[PDB]
Amino acid sequence: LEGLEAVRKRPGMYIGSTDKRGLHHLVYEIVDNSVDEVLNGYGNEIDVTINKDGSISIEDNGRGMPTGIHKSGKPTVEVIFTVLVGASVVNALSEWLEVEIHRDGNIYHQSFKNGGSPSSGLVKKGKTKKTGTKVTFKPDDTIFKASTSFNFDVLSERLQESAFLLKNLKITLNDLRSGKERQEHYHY
Ligand SMILES: CO[C@@H]1[C@@H](OC(N)=O)[C@@H](O)[C@H](Oc2ccc3c(O)c(NC(=O)c4ccc(O)c(CC=C(C)C)c4)c(=O)oc3c2C)OC1(C)C
């Protein structure tokens with residue numbers, strides 16, 4: 001509704017602050033959704049990838065988000081990313097967000113743009129034998145005026161802590177950006 005605009009007006013009210021700590025909290029919110037699923041009993045691997053264009057991917061091997069109709073009459077995946085930390089907050093502060101779900105033998109995809117406005121509905125794009133959810137968002141430069149570039153070392157301390165706090169959970173962090181390519185993995 002106007003709820004996505006509200007986040008875009010006072011981001012600090014929803015995230016912790018409107019700085020580099022807030023920008024990295026967008027990533028932690030998406031990782032927390034995969035941790036929730038690990039704790040639900042499904043999944044043992046989380047992959048975080050900093051893409052060449054400055055977007056970030058968070059991939060898991062959980063069951064994959066449910067695709068049915070939510071109590072509001074609207075599809076579930078759409079509700080999660082558009083209704084008010086919450087994945088809707090990430091979506092509001094992103095110039096673009098994409099979801100990819102591997103569930104019930106199928107691959108579902110849904111795209112959002114310019115602050116969380118659905119660019120498409122949930123679309124069946126192929127078939128799979130793999131399960132899980134992959135979220136890829138690009139934070140908005142008009143919100144984080146100073147910077148939108150993720151810091152490998154900042155993400156790494158937090159993912160290390162999540163891997164230590166949970167146990168039997170392999171967290172991999174990757175950086176694809178030109179000249180600063182790095183790969184790390186954490187498992188306790
Ligand atoms: C951002 O989405 C998050 C998820 O994030 C990720 N990465 O998976 C995750 O944190 C969590 O994921 C859930 C949260 C709830 C369910 C959930 O409620 C499910 N269903 C069952 O637990 C279930 C278990 C037994 C059973 O007989 C039925 C039948 C269903 C009926 C009668 C409606 C359903 C299910 O399959 O997957 C679920 C999943 C994957 O919640 C979201 C969707 C907000």
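Numbers here are sequence positions counted from 1.
By the 4.0 Å N-to-carboxylate-O rule, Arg182 lies close enough to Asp153 to be salt-bridged with it.
Remark: the backbone N or O of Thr142 is paired with a side-chain donor or acceptor of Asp140 at under 3.5 angstrom. Looking only at distances, no side-chain donor or acceptor of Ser156 sits under 3.5 Å from a matching main-chain atom of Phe152. Side-chain atoms of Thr128 come within 3.5 Å of backbone atoms of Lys130 as a donor-acceptor pair (strictly under, hydrogens ignored).
Between the OG atom in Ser117 and the CG atom in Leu97 there is a gap of 12.0 Å [rounded to 0.5 Å]. In this structure, the separation between CG on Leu173 and CG on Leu159 is 5.5 Å, given to the nearest 0.5 Å. For the atom pair CD1 of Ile171 and CZ of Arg158, the computed distance is 12.0 Å after rounding to the nearest 0.5 Å. Taking CD of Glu5 as the reference point, atom NZ of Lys9 lies at 4.5 Å (rounded to 0.5 Å). For the atom pair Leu169 CG and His187 NE2, the distance stands at 7.0 Å (nearest 0.5 Å). Within the model, atoms CZ of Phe144 and OG of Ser94 stand 7.5 Å from one another, a figure rounded to the nearest 0.5 Å.
A tilted orientation is assigned to the rings of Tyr28 and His24, their planes being inclined by 30° to 60°.
For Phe81, the ring-ring contact (aromatic ring centres under 6.0 Å, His included) partners two or more places apart in sequence, or in a different chain, are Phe112. Listed by chain and residue number, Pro75 satisfy the side chain to side chain contact (heavy atoms under 4.5 Å, CB included) test with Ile69 (two or more places apart in sequence, or in another chain).
Residues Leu39 and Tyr42 do not share a hydrophobic cluster, defined by chaining ILVMFWY side chains whose heavy atoms lie under 4.5 Å apart.
Contact annotation: the side chain of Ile46 approaches that of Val35 to within less than 4.5 Å [non-hydrogen atoms, C-beta and beyond]. The shortest distance between side-chain heavy atoms of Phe150 and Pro139 falls below 4.5 Å. By the 4.5 Å heavy-atom criterion applied to side chains, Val89 and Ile15 are counted as neighbours. When side chains are defined from C-beta on, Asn91 does not count as touching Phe137, because their heavy atoms never get closer than 4.5 Å. Between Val99 and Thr133 the shortest side-chain heavy-atom distance falls below 4.5 Å. With a 4.5 Å cut-off on side-chain heavy atoms, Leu155 and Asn151 do not count as touching. Residues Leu23 and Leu93 fail the side-chain proximity criterion, which asks for heavy atoms closer than 4.5 Å. In this structure the side chain of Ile56 never reaches within 4.5 angstrom of the side chain of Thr49, judged on heavy atoms.
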*salt bridge (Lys or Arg N to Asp or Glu O under 4.0 Å) between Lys138 and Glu95, worked out*: CA-CA 6 Å; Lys138 204 236 217 170; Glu95 61 163 289; 2.8 Å; yes

*With side chain to side chain contact (heavy atoms under 4.5 Å, CB included) as the test, would you mind laying out the steps for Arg177 and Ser149 before giving the verdict?*
CA-CA 10 Å; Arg177 293 173 300 176; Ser149 186; 2.9 Å; yes

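When all heavy atoms are compared, the tightest approach of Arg8 to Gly115 is NH2-O, 2.9 Å. Nearest approach of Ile143 to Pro11, heavy atoms of both residues: CG2-CG, 4.0 Å. Pairing each heavy atom of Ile30 with each of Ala87, the nearest pair is CD1-CB, 4.2 Å.
Other cluster members for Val79: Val83, joined by side-chain heavy-atom distances under 4.5 Å among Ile, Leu, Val, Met, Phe, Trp and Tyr.
Sorted by first and then second residue, the pairs that involve residues 54-69 and meet side-chain hydrogen bond (donor to acceptor under 3.5 Å, both in side chains), not counting sequence neighbours, are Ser34-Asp60, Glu37-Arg63, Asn44-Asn61, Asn51-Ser55, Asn51-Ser57, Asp53-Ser55, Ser57-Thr136. Sorted by first and then second residue, the salt bridge (charged side-chain N to carboxylate O under 4.0 Å, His left out) pairs involving residues 24-36 (not counting sequence neighbours) form an empty list.
A donor-acceptor contact closer than 3.5 angstrom is absent between the side chains of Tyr186 and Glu161.
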Run the side-chain donor-acceptor check on residues 101-110: report pairs under 3.5 Å with partners two or more places apart or on a different chain.
{"residue": "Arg103", "atom": "NH1", "partner": "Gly64", "partner atom": "O", "Å": "2.9"}
{"residue": "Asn106", "atom": "ND2", "partner": "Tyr108", "partner atom": "OH", "Å": "3.1"}

